[PDB]
Amino acid sequence: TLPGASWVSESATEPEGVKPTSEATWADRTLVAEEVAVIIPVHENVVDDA
Amino acid sequence: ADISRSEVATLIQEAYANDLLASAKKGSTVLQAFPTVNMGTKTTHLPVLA
């Protein structure tokens, strides 16, 4: 989020004389490691005979 | 009255001997008698005059 300025008058006693307060803000965006995998089963005789 | 053979338990140990345990192993006889071939894969064709 971004802060916001305003136009201010000169006064000692009136609301339009006061410089307004405002805030930036930050948030979190995250990496989470997730597991992707496969098992490929084969007969040992097929691996020997290929 | 008297000390029995149960009355001295484990003062009389029992012995062990491997004298009768050995048994000579015998291989295949067709691997003795006939010519072998070293196969590289499941199947081999051998042509014969019919």
Side-chain angles (χ1 to χ4, degrees):
Chain A
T1 296
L2 306 176
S6 298
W7 301 102
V8 299
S9 75
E10 291 174 357
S11 293
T13 58
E14 308 309 299
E16 59 262 39
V18 180
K19 297 169 184 170
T21 57
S22 198
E23 70 207 20
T25 283
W26 295 256
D28 166 64
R29 293 287 181 278
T30 20
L31 285 162
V32 177
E34 289 289 337
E35 179 173 289
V36 58
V38 69
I39 310 299
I40 306 170
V42 63
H43 199 289
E44 190 173 50
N45 295 352
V46 175
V47 168
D48 291 332
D49 294 344
Chain B
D2 65 295
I3 297 172
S4 342
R5 177 183 301 272
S6 60
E7 294 158 318
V8 296
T10 296
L11 296 185
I12 303 184
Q13 276 279 15
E14 291 172 2
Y16 292 93
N18 300 317
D19 264 66
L20 297 178
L21 183 62
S23 297
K25 310 308 181 300
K26 303 297 172 181
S28 161
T29 204
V30 305
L31 291 180
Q32 296 159 357
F34 301 120
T36 49
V37 301
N38 299 317
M39 298 176 61
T41 184
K42 189 178 172 184
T43 305
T44 296
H45 297 278
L46 300 96
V48 297
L49 177 68

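Naming: A, B, ... by sequence-line order, numbering from 1 per chain.
- The neighbour count for B:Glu7 CD, taken as heavy atoms of other residues, nucleotides or ligands under 6.0 Å away, is above 12.
- Remark: side-chain polar atoms of B:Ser28 are paired, donor with acceptor, to backbone N or O of B:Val30 under 3.5 angstrom.
- Listed by first and then second residue, the side chain to side chain donor-acceptor pair (under 3.5 Å) pairs that reach into residues 21-33 of chain A come to none, sequence neighbours excluded.
- Heavy atoms of other residues, nucleotides or ligands lying less than 6.0 angstrom from CD1 of B:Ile12 number more than 12.
- Summarising the hydrophobic clusters (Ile, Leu, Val, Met, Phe, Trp, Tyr; side-chain heavy atoms under 4.5 Å, direct or chained), the residues clustered with B:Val37 are B:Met39.
- Atom CZ of B:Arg5 and atom CG of B:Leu11 lie 11.5 Å apart (nearest 0.5 Å).
- When all heavy atoms of A:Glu16 and A:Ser11 are compared, the closest pair comes out as CG-OG, 4.5 Å.
- For B:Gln32, the CD atom sits in a packed shell: over 12 heavy atoms of surrounding residues, nucleotides or ligands are nearer than 6.0 Å.
- A:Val8 approaches A:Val18 most closely through the heavy-atom pair CG1-O, 4.1 Å.
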